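data33.csv follows (CSV, C-alpha atoms):
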chain,number,residue,atom,x,y,z
A,1,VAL,CA,-4.6,0.3,-16.6
A,2,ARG,CA,-1.8,-0.6,-14.3
A,3,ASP,CA,-0.4,-0.3,-10.8
A,4,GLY,CA,2.7,1.4,-9.8
A,5,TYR,CA,4.5,4.2,-8.1
A,6,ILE,CA,3.3,7.3,-9.9
A,7,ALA,CA,6.3,9.3,-11.1
A,8,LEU,CA,7.4,12.9,-10.9
A,9,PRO,CA,9.4,13.9,-14.0
A,10,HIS,CA,11.6,11.9,-14.7
A,11,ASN,CA,11.5,8.6,-12.8
A,12,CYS,CA,11.2,10.1,-9.4
A,13,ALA,CA,8.7,8.8,-6.8
A,14,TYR,CA,6.4,10.8,-4.6
A,15,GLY,CA,7.5,10.4,-1.0
A,16,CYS,CA,4.7,10.2,1.5
A,17,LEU,CA,3.7,10.1,5.2
A,18,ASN,CA,0.0,9.7,4.7
A,19,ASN,CA,-2.2,7.2,2.8
A,20,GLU,CA,-4.8,10.1,2.4
A,21,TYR,CA,-2.3,12.1,0.4
A,22,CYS,CA,-1.5,9.1,-2.0
A,23,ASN,CA,-5.2,8.5,-2.4
A,24,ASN,CA,-5.8,12.1,-3.4
A,25,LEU,CA,-2.8,12.2,-5.8
A,26,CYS,CA,-3.5,8.8,-7.4
A,27,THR,CA,-7.2,9.5,-7.9
A,28,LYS,CA,-6.7,12.9,-9.4
A,29,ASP,CA,-4.4,11.1,-11.9
A,30,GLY,CA,-7.2,8.7,-12.7
A,31,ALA,CA,-6.4,5.8,-10.5
A,32,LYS,CA,-9.0,3.9,-8.4
A,33,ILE,CA,-7.1,4.4,-5.1
A,34,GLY,CA,-3.6,5.0,-3.8
A,35,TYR,CA,-1.6,4.0,-0.8
A,36,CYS,CA,1.5,5.2,0.9
A,37,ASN,CA,3.5,2.1,0.4
A,38,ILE,CA,6.8,1.0,1.7
A,39,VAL,CA,10.0,1.8,-0.1
A,40,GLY,CA,9.5,3.0,-3.6
A,41,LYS,CA,11.5,5.8,-2.3
A,42,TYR,CA,13.8,5.5,0.9
A,43,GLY,CA,10.8,5.4,3.3
A,44,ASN,CA,7.4,5.2,1.6
A,45,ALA,CA,6.1,6.4,-1.7
A,46,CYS,CA,2.7,6.7,-3.4
A,47,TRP,CA,1.5,3.5,-5.1
A,48,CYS,CA,-1.5,3.8,-7.3
A,49,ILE,CA,-4.0,1.1,-8.3
A,50,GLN,CA,-5.4,1.0,-11.9
A,51,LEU,CA,-3.8,4.2,-13.1
A,52,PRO,CA,-4.5,4.9,-16.8
A,53,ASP,CA,-1.7,3.4,-19.0
A,54,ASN,CA,-0.6,6.8,-20.2
A,55,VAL,CA,0.4,8.0,-16.7
A,56,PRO,CA,4.2,7.3,-16.1
A,57,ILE,CA,5.3,5.2,-13.2
A,58,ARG,CA,8.7,4.6,-11.6
A,59,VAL,CA,10.9,1.9,-13.1
A,60,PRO,CA,14.2,0.6,-11.8
A,61,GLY,CA,16.9,3.2,-12.4
A,62,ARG,CA,17.8,6.7,-11.4
A,63,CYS,CA,15.6,9.7,-10.6
A,64,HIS,CA,16.4,12.5,-12.9
A,65,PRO,CA,14.5,15.5,-11.5
A,66,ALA,CA,13.3,18.0,-14.1
B,1,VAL,CA,-15.2,-9.3,0.5
B,2,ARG,CA,-13.6,-6.0,1.8
B,3,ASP,CA,-10.2,-4.3,2.1
B,4,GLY,CA,-8.4,-3.9,5.4
B,5,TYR,CA,-5.5,-4.7,7.6
B,6,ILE,CA,-5.6,-8.6,8.0
B,7,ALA,CA,-5.7,-9.2,11.8
B,8,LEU,CA,-3.9,-11.2,14.4
B,9,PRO,CA,-5.7,-11.7,17.8
B,10,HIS,CA,-6.5,-9.5,19.4
B,11,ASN,CA,-7.2,-6.8,16.9
B,12,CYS,CA,-3.5,-6.5,16.0
B,13,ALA,CA,-2.1,-5.9,12.6
B,14,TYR,CA,0.8,-7.7,10.9
B,15,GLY,CA,3.8,-5.4,10.8
B,16,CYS,CA,5.8,-5.6,7.7
B,17,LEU,CA,9.0,-4.5,5.9
B,18,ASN,CA,8.3,-5.8,2.4
B,19,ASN,CA,5.4,-6.0,0.1
B,20,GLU,CA,6.2,-9.6,-0.9
B,21,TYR,CA,5.3,-10.8,2.6
B,22,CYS,CA,2.0,-9.0,2.7
B,23,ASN,CA,1.1,-10.2,-0.7
B,24,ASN,CA,1.8,-13.8,0.3
B,25,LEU,CA,-0.1,-13.5,3.5
B,26,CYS,CA,-3.1,-11.9,2.0
B,27,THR,CA,-3.4,-14.1,-1.1
B,28,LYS,CA,-3.0,-17.4,0.9
B,29,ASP,CA,-6.0,-16.2,2.9
B,30,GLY,CA,-8.0,-15.6,-0.3
B,31,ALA,CA,-7.4,-11.9,-0.9
B,32,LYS,CA,-6.7,-10.6,-4.4
B,33,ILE,CA,-3.4,-8.9,-3.4
B,34,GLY,CA,-1.6,-7.4,-0.4
B,35,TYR,CA,0.6,-4.4,0.3
B,36,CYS,CA,2.9,-3.2,3.1
B,37,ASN,CA,1.5,0.2,3.7
B,38,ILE,CA,1.8,3.0,6.3
B,39,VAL,CA,-0.2,2.4,9.4
B,40,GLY,CA,0.9,5.1,11.8
B,41,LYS,CA,4.0,6.5,13.5
B,42,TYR,CA,7.1,4.8,12.1
B,43,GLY,CA,5.4,1.5,11.2
B,44,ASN,CA,3.9,-0.3,8.2
B,45,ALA,CA,1.3,-3.1,8.2
B,46,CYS,CA,-0.2,-5.5,5.7
B,47,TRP,CA,-3.3,-4.3,3.9
B,48,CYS,CA,-5.2,-6.8,1.9
B,49,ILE,CA,-7.5,-6.1,-1.1
B,50,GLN,CA,-10.8,-8.0,-1.3
B,51,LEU,CA,-10.2,-10.2,1.7
B,52,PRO,CA,-13.1,-12.7,2.1
B,53,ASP,CA,-15.4,-12.2,5.0
B,54,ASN,CA,-14.3,-15.3,6.9
B,55,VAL,CA,-10.9,-13.7,7.6
B,56,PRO,CA,-10.8,-11.0,10.3
B,57,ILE,CA,-9.5,-7.4,9.7
B,58,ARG,CA,-8.6,-4.8,12.2
B,59,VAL,CA,-11.3,-2.5,13.5
B,60,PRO,CA,-11.0,0.6,15.6
B,61,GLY,CA,-9.5,0.0,19.1
B,62,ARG,CA,-6.2,-1.1,20.5
B,63,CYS,CA,-4.3,-4.2,19.8
B,64,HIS,CA,-4.6,-6.5,22.8
B,65,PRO,CA,-1.5,-8.7,22.8
B,66,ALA,CA,-2.1,-12.4,22.2
Could you write out this file's structure as structure tokens?
Amino acid sequence: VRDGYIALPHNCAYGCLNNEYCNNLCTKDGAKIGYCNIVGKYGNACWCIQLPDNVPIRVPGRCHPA
Amino acid sequence: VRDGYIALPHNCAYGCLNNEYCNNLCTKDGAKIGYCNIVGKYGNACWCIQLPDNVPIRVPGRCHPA
């Protein structure tokens, strides 16, 4: 498992206004919990705790939206 | 141990701009890790994970300055 900003395809973060949203999103993807965390995206983005290793997270670099 | 917004008297949270700060603050106080998460209308605050029970966290109610 690992922590990170869960990614939208490809390498794009989920912007957020609410911790509740990130908790829903992260847990549906198998994480323990999620938070709406400062500046993964300009503003805040969802950061998940103990996501399964097979779920992609954001890495430094560009967002290439599918 | 419990998770929460580490508190400054009186029942005030620590505002933040970077995760690094919250991580330092939380871990120096015995928490596992810390994050700078959303805490309302345009503002973020430090959230600590598994903060020991000798360190106060925010509870419902207003922040009373000083």
Skipping near chain neighbours, those fewer than 4 positions away, what residues fall within 12 Å of residue 25 of chain B using all atoms listed in the file, listed as a VMD selection string? chain B and resid 5 to 8 14 to 16 18 to 21 29 to 36 45 to 49 51 55
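Computed after superposing chain B on chain A, the C-alpha RMSD over all in-order atom pairs is 1.4 Å.
Summary of the local environment: counting only C-alpha atoms, residues at most 9 Å from residue 63 of chain A, other than itself and those fewer than 6 positions away along its chain, are residues 8, 9, 10, 11, 12 and 13 of chain A.
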Have a look at A:57, A:50, A:26, A:17 and name the one nearest to residue 38 of chain A; count only C-alpha atoms. A:17
Among listed residues A:53, A:44, A:27, A:59, nearest chain B (using all atoms listed in the file):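 Counting all atoms listed in the file, the residue closest to chain B is A:44.
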Using atom CA of residue 39 of chain A and atom CA of residue 2 of chain A as the two end points, give the distance in Å to one decimal.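 Atom CA of residue 2 of chain A lies at a distance of 18.6 Å from atom CA of residue 39 of chain A.
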Determine the nearest neighbour of chain A from the options B:28, B:41, B:54, B:64, counting all atoms listed in the file.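 Comparing B:28, B:41, B:54, B:64 against chain A, the winner is B:41.
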Separation of atom CA of residue 4 of chain B from atom CA of residue 58 of chain B in Å: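 Separation between atom CA of residue 58 of chain B and atom CA of residue 4 of chain B: 6.9 Å.
You can rank B:37, B:24, B:61, B:56 by their closest distance to chain A using only C-alpha atoms, and at the top of that list sits B:37.
Of note, atom CA of residue 60 of chain A and atom CA of residue 3 of chain A are spaced 14.7 Å apart.
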